[PDB]
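Asker: Pasting final-v2.txt here (compact mmCIF, C-alpha atoms and all ligand atoms):
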```txt
# COMPACT_ATOMS: atom_id res chain seq x y z
CA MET I 1 96.72 20.90 119.21
CA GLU I 2 96.39 17.60 117.38
CA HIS I 3 95.09 18.43 113.89
CA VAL I 4 92.13 16.16 113.17
CA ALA I 5 88.78 17.47 111.94
CA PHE I 6 85.52 16.43 113.53
CA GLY I 7 83.70 14.03 111.18
CA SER I 8 86.79 13.09 109.15
CA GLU I 9 86.28 9.89 107.13
CA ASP I 10 89.44 8.18 108.34
CA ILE I 11 89.20 9.38 111.93
CA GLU I 12 89.48 5.90 113.47
CA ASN I 13 92.91 5.33 111.86
CA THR I 14 94.27 8.64 113.07
CA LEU I 15 93.06 8.22 116.66
CA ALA I 16 94.52 4.71 116.80
CA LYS I 17 97.99 6.18 117.46
CA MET I 18 96.98 8.53 120.30
CA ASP I 19 97.47 7.98 124.04
CA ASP I 20 95.32 9.69 126.68
CA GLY I 21 97.77 12.59 126.54
CA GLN I 22 97.37 13.12 122.81
CA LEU I 23 93.60 12.65 123.00
CA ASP I 24 93.57 15.69 125.29
CA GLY I 25 94.88 17.74 122.41
CA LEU I 26 91.81 17.31 120.21
CA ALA I 27 89.54 20.23 119.22
CA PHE I 28 86.49 18.19 120.20
CA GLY I 29 85.23 15.78 122.83
CA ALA I 30 86.29 12.17 122.53
CA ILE I 31 85.10 9.18 124.55
CA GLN I 32 86.07 5.60 123.95
CA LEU I 33 83.67 2.91 125.12
CA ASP I 34 83.82 -0.85 125.22
CA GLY I 35 80.89 -2.95 123.94
CA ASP I 36 79.09 -2.69 127.28
CA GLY I 37 79.29 1.09 127.40
CA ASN I 38 82.09 1.27 129.93
CA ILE I 39 84.37 4.28 129.57
CA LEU I 40 87.92 3.38 128.48
CA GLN I 41 89.02 6.94 127.59
CA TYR I 42 87.58 10.43 128.13
CA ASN I 43 89.39 13.56 126.98
CA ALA I 44 89.83 17.09 128.31
CA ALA I 45 87.57 18.64 125.69
CA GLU I 46 84.64 16.43 126.69
CA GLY I 47 85.36 17.44 130.28
CA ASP I 48 85.14 21.07 129.20
CA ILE I 49 81.71 20.55 127.66
CA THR I 50 80.16 18.45 130.45
CA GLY I 51 81.99 19.43 133.63
CA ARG I 52 83.05 15.86 134.36
CA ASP I 53 86.61 15.17 135.56
CA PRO I 54 88.12 12.76 133.00
CA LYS I 55 90.08 10.71 135.55
CA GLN I 56 86.99 10.17 137.65
CA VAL I 57 84.73 8.77 134.94
CA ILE I 58 87.09 6.19 133.42
CA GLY I 59 85.84 2.73 134.38
CA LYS I 60 82.22 3.78 134.89
CA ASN I 61 79.33 2.95 132.61
CA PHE I 62 78.39 5.83 130.32
CA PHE I 63 74.72 4.92 129.87
CA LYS I 64 73.88 3.83 133.40
CA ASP I 65 76.09 5.97 135.64
CA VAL I 66 77.63 8.99 133.97
CA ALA I 67 75.28 10.06 131.16
CA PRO I 68 71.78 8.72 131.82
CA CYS I 69 70.37 11.38 129.52
CA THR I 70 71.82 9.33 126.63
CA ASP I 71 69.84 6.27 127.79
CA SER I 72 67.18 6.40 125.09
CA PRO I 73 66.51 4.92 121.66
CA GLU I 74 67.96 8.05 120.05
CA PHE I 75 71.42 7.57 121.54
CA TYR I 76 71.95 4.34 123.54
CA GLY I 77 69.56 2.60 121.15
CA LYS I 78 71.88 3.41 118.23
CA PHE I 79 74.99 2.37 120.14
CA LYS I 80 73.59 -1.02 121.11
CA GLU I 81 72.49 -1.85 117.56
CA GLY I 82 75.94 -0.85 116.29
CA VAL I 83 77.64 -3.09 118.83
CA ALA I 84 75.37 -5.97 117.93
CA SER I 85 76.00 -5.42 114.19
CA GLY I 86 79.71 -4.76 114.66
CA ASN I 87 79.33 -1.69 112.48
CA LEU I 88 78.57 1.86 113.57
CA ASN I 89 78.84 5.31 111.96
CA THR I 90 76.20 7.87 112.81
CA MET I 91 76.04 11.60 113.41
CA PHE I 92 73.19 13.46 115.11
CA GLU I 93 72.50 16.50 117.29
CA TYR I 94 71.54 15.99 120.92
CA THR I 95 71.09 17.95 124.11
CA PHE I 96 73.22 17.08 127.14
CA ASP I 97 71.25 18.00 130.31
CA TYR I 98 72.03 15.77 133.28
CA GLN I 99 73.34 17.81 136.25
CA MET I 100 74.46 20.57 133.89
CA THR I 101 73.12 23.53 131.90
CA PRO I 102 71.37 22.11 128.81
CA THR I 103 73.94 22.13 126.03
CA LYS I 104 73.28 21.33 122.40
CA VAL I 105 75.99 19.28 120.73
CA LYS I 106 76.76 17.31 117.61
CA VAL I 107 77.56 13.67 118.29
CA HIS I 108 79.43 11.30 115.99
CA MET I 109 79.63 7.64 117.00
CA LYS I 110 82.01 5.35 115.16
CA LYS I 111 83.42 1.88 115.61
CA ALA I 112 87.11 1.99 116.38
CA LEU I 113 89.79 0.08 114.49
CA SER I 114 90.24 -2.36 117.40
CA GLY I 115 87.79 -5.23 117.83
CA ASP I 116 85.42 -4.24 120.60
CA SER I 117 85.75 -0.50 121.13
CA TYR I 118 83.67 2.48 120.06
CA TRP I 119 84.22 6.20 119.80
CA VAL I 120 81.84 8.95 120.76
CA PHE I 121 82.91 12.36 119.43
CA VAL I 122 81.27 15.57 120.57
CA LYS I 123 81.36 19.25 119.66
CA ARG I 124 79.30 22.32 120.44
CA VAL I 125 76.80 23.60 117.88
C1 LIG M 201 73.32 13.54 128.76
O1 LIG M 201 74.11 13.60 127.82
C2 LIG M 201 73.74 13.45 130.09
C3 LIG M 201 75.06 13.50 130.59
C4 LIG M 201 76.36 13.50 130.03
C5 LIG M 201 77.46 13.47 130.91
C6 LIG M 201 78.78 13.36 130.47
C7 LIG M 201 79.04 13.24 129.11
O2 LIG M 201 80.21 13.12 128.70
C8 LIG M 201 77.96 13.25 128.23
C9 LIG M 201 76.63 13.37 128.67
```
The structure given in the file should be rewritten as C-alpha cells.
Ligand SMILES: *C(=O)/C=C\c1ccc(O)cc1
Answerer:
Amino acid sequence: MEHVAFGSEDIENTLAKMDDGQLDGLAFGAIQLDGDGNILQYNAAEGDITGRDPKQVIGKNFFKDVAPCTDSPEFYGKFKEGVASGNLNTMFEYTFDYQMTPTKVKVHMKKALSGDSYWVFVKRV
C-alpha cells in the first residue's frame, strides 16, 4: 500500500510523484482528468468500485463516454467551473449507477499541481 489518507490537505503534492503503478497502491479510487474531462489516469481501486477496466478507459471522456451519471450540475457542473476558475477543491457524496449496482461514494475533486490536470478521488461510504 501507498500510505496517503483520503482528503489529506497536501494530497496533490504527494500524488505528484506517483506513476500508474504507484497509483494502483492507493486505498481509494483515483482518476486524473485533463481540462476537457478526458481520462489521463485511472487506478485499480476505482476499477474495483465501478467494474471498469483501467486500461480500457484511459483516453476516453469521463463525462460523455464513461460516466454519464456524473453529467449533471452536481458533479460535471462543479468540475467545469473549477476548470474555468483554475481552482477546485470540493468534497461531496454521490451515487454511481450507470451499468452497475447503485453505489454510494464520497467524491473529492482537486486541482493537481500541474497546470491543466484534475484529480477525482473516490471511496465507499
Ligand atoms: C456515474 O458515476 C456513472 C458511472 C461511473 C463509471 C466509472 C467511474 O469511474 C465513475 C462513475
Asker: Please check which protein, DNA or RNA residues sit within 10 Å of ligand LIG 201 (chain M), counting all atoms listed in the file, and write them as a PDB file with C-alpha atoms, keeping the file's coordinate frame.
Answerer:
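Writing done, so here's pocket.pdb:
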```pdb
ATOM      1  CA  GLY I  29      85.230  15.780 122.830  1.00  0.00           C
ATOM      2  CA  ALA I  30      86.290  12.170 122.530  1.00  0.00           C
ATOM      3  CA  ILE I  31      85.100   9.180 124.550  1.00  0.00           C
ATOM      4  CA  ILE I  39      84.370   4.280 129.570  1.00  0.00           C
ATOM      5  CA  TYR I  42      87.580  10.430 128.130  1.00  0.00           C
ATOM      6  CA  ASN I  43      89.390  13.560 126.980  1.00  0.00           C
ATOM      7  CA  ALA I  45      87.570  18.640 125.690  1.00  0.00           C
ATOM      8  CA  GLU I  46      84.640  16.430 126.690  1.00  0.00           C
ATOM      9  CA  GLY I  47      85.360  17.440 130.280  1.00  0.00           C
ATOM     10  CA  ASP I  48      85.140  21.070 129.200  1.00  0.00           C
ATOM     11  CA  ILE I  49      81.710  20.550 127.660  1.00  0.00           C
ATOM     12  CA  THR I  50      80.160  18.450 130.450  1.00  0.00           C
ATOM     13  CA  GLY I  51      81.990  19.430 133.630  1.00  0.00           C
ATOM     14  CA  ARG I  52      83.050  15.860 134.360  1.00  0.00           C
ATOM     15  CA  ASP I  53      86.610  15.170 135.560  1.00  0.00           C
ATOM     16  CA  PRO I  54      88.120  12.760 133.000  1.00  0.00           C
ATOM     17  CA  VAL I  57      84.730   8.770 134.940  1.00  0.00           C
ATOM     18  CA  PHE I  62      78.390   5.830 130.320  1.00  0.00           C
ATOM     19  CA  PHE I  63      74.720   4.920 129.870  1.00  0.00           C
ATOM     20  CA  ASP I  65      76.090   5.970 135.640  1.00  0.00           C
ATOM     21  CA  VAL I  66      77.630   8.990 133.970  1.00  0.00           C
ATOM     22  CA  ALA I  67      75.280  10.060 131.160  1.00  0.00           C
ATOM     23  CA  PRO I  68      71.780   8.720 131.820  1.00  0.00           C
ATOM     24  CA  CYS I  69      70.370  11.380 129.520  1.00  0.00           C
ATOM     25  CA  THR I  70      71.820   9.330 126.630  1.00  0.00           C
ATOM     26  CA  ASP I  71      69.840   6.270 127.790  1.00  0.00           C
ATOM     27  CA  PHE I  75      71.420   7.570 121.540  1.00  0.00           C
ATOM     28  CA  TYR I  94      71.540  15.990 120.920  1.00  0.00           C
ATOM     29  CA  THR I  95      71.090  17.950 124.110  1.00  0.00           C
ATOM     30  CA  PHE I  96      73.220  17.080 127.140  1.00  0.00           C
ATOM     31  CA  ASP I  97      71.250  18.000 130.310  1.00  0.00           C
ATOM     32  CA  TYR I  98      72.030  15.770 133.280  1.00  0.00           C
ATOM     33  CA  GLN I  99      73.340  17.810 136.250  1.00  0.00           C
ATOM     34  CA  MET I 100      74.460  20.570 133.890  1.00  0.00           C
ATOM     35  CA  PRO I 102      71.370  22.110 128.810  1.00  0.00           C
ATOM     36  CA  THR I 103      73.940  22.130 126.030  1.00  0.00           C
ATOM     37  CA  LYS I 104      73.280  21.330 122.400  1.00  0.00           C
ATOM     38  CA  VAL I 105      75.990  19.280 120.730  1.00  0.00           C
ATOM     39  CA  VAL I 107      77.560  13.670 118.290  1.00  0.00           C
ATOM     40  CA  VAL I 120      81.840   8.950 120.760  1.00  0.00           C
ATOM     41  CA  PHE I 121      82.910  12.360 119.430  1.00  0.00           C
ATOM     42  CA  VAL I 122      81.270  15.570 120.570  1.00  0.00           C
TER      43      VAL I 122
END
```
Asker: So that I can see what lies close to residue 32 (chain I), please list as a ChimeraX atom specification the residues with an atom at most 12 Å from it, counting all atoms listed in the file and leaving out residues fewer than 6 positions away in the same chain.
Answerer: /I:12,15-16,18-20,23,38-43,46,54,57-62,108-114,116-122
Asker: Work out how far apart CA of residue 7 (chain I) and CA of residue 74 (chain I) are and give it in Å to one decimal.
Answerer: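 For CA of residue 7 (chain I) relative to CA of residue 74 (chain I), the distance reads 19.0 Å.
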Asker: Find, counting only C-alpha atoms, the residue in I:125, I:36, I:56, I:64 that gets nearest to residue 81 (chain I).
Answerer: I:36
Asker: For CA of residue 25 (chain I) and CA of residue 101 (chain I), determine how far apart the two atoms are, in Å to one decimal place.
Answerer: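 If I compute the distance from CA of residue 25 (chain I) to CA of residue 101 (chain I), I get 24.4 Å.
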Asker: Using only C-alpha atoms, pick whichever of I:17, I:33, I:9, I:26 has the shortest atom-to-atom distance to residue 83 (chain I).
Answerer: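 Looking at the shortest contact to residue 83 (chain I), the residue is I:33.
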Asker: Is it possible to get the axis-aligned box enclosing region 97-110 of chain I (all listed atoms, 6 Å extra per side) as AutoDock Vina command-line options, with centre and edge lengths in Å rounded to one decimal?
Answerer:
```
--center_x 76.6 --center_y 14.4 --center_z 125.7 --size_x 22.8 --size_y 30.2 --size_z 33.1
```
Asker: Rounded to one decimal place, report the CA of residue 28 (chain I)-CA of residue 123 (chain I) distance in Å.
Answerer: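 Taking CA of residue 28 (chain I) as the start and CA of residue 123 (chain I) as the end point, the length is 5.3 Å.
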Asker: Please complete region 24-46 of chain I so it has N, CA and C atoms, and hand it over as an mmCIF file, in the coordinates of the input.
Answerer:
```cif
data_model
loop_
_atom_site.group_PDB
_atom_site.id
_atom_site.type_symbol
_atom_site.label_atom_id
_atom_site.label_comp_id
_atom_site.auth_asym_id
_atom_site.auth_seq_id
_atom_site.Cartn_x
_atom_site.Cartn_y
_atom_site.Cartn_z
ATOM 1 N N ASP I 24 93.888 14.436 124.608
ATOM 2 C CA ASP I 24 93.570 15.690 125.290
ATOM 3 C C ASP I 24 93.872 16.892 124.419
ATOM 4 N N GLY I 25 94.524 16.650 123.290
ATOM 5 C CA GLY I 25 94.880 17.740 122.410
ATOM 6 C C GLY I 25 93.859 17.975 121.316
ATOM 7 N N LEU I 26 92.805 17.159 121.269
ATOM 8 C CA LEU I 26 91.810 17.310 120.210
ATOM 9 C C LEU I 26 90.945 18.562 120.375
ATOM 10 N N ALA I 27 90.410 19.049 119.256
ATOM 11 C CA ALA I 27 89.540 20.230 119.220
ATOM 12 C C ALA I 27 88.102 19.906 119.613
ATOM 13 N N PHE I 28 87.835 18.632 119.860
ATOM 14 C CA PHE I 28 86.490 18.190 120.200
ATOM 15 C C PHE I 28 86.516 17.094 121.263
ATOM 16 N N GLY I 29 85.350 16.816 121.828
ATOM 17 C CA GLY I 29 85.230 15.780 122.830
ATOM 18 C C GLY I 29 85.410 14.413 122.213
ATOM 19 N N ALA I 30 86.102 13.549 122.945
ATOM 20 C CA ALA I 30 86.290 12.170 122.530
ATOM 21 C C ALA I 30 86.194 11.194 123.703
ATOM 22 N N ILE I 31 85.313 10.206 123.547
ATOM 23 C CA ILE I 31 85.100 9.180 124.550
ATOM 24 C C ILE I 31 85.289 7.872 123.835
ATOM 25 N N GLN I 32 86.003 6.954 124.466
ATOM 26 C CA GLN I 32 86.070 5.600 123.950
ATOM 27 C C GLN I 32 85.344 4.666 124.903
ATOM 28 N N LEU I 33 84.469 3.843 124.339
ATOM 29 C CA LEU I 33 83.670 2.910 125.120
ATOM 30 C C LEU I 33 83.942 1.491 124.677
ATOM 31 N N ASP I 34 83.827 0.553 125.605
ATOM 32 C CA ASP I 34 83.820 -0.850 125.220
ATOM 33 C C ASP I 34 82.390 -1.239 124.803
ATOM 34 N N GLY I 35 82.182 -2.501 124.443
ATOM 35 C CA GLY I 35 80.890 -2.950 123.940
ATOM 36 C C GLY I 35 79.753 -2.878 124.949
ATOM 37 N N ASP I 36 80.097 -2.800 126.229
ATOM 38 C CA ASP I 36 79.090 -2.690 127.280
ATOM 39 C C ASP I 36 78.798 -1.252 127.677
ATOM 40 N N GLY I 37 79.515 -0.311 127.084
ATOM 41 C CA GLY I 37 79.290 1.090 127.400
ATOM 42 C C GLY I 37 80.168 1.604 128.533
ATOM 43 N N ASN I 38 81.129 0.796 128.946
ATOM 44 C CA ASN I 38 82.090 1.270 129.930
ATOM 45 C C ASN I 38 83.091 2.243 129.312
ATOM 46 N N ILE I 39 83.437 3.276 130.066
ATOM 47 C CA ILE I 39 84.370 4.280 129.570
ATOM 48 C C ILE I 39 85.811 3.816 129.668
ATOM 49 N N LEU I 40 86.493 3.723 128.525
ATOM 50 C CA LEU I 40 87.920 3.380 128.480
ATOM 51 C C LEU I 40 88.805 4.628 128.424
ATOM 52 N N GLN I 41 88.287 5.687 127.803
ATOM 53 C CA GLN I 41 89.020 6.940 127.590
ATOM 54 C C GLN I 41 88.023 8.092 127.546
ATOM 55 N N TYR I 42 88.454 9.264 128.005
ATOM 56 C CA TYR I 42 87.580 10.430 128.130
ATOM 57 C C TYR I 42 88.496 11.641 128.131
ATOM 58 N N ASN I 43 88.383 12.496 127.120
ATOM 59 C CA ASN I 43 89.390 13.560 126.980
ATOM 60 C C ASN I 43 89.032 14.896 127.642
ATOM 61 N N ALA I 44 89.994 15.809 127.649
ATOM 62 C CA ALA I 44 89.830 17.090 128.310
ATOM 63 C C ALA I 44 88.710 17.908 127.682
ATOM 64 N N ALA I 45 88.589 17.846 126.357
ATOM 65 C CA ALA I 45 87.570 18.640 125.690
ATOM 66 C C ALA I 45 86.160 18.191 126.082
ATOM 67 N N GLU I 46 85.960 16.886 126.249
ATOM 68 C CA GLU I 46 84.640 16.430 126.690
ATOM 69 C C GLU I 46 84.393 16.948 128.105
#
```
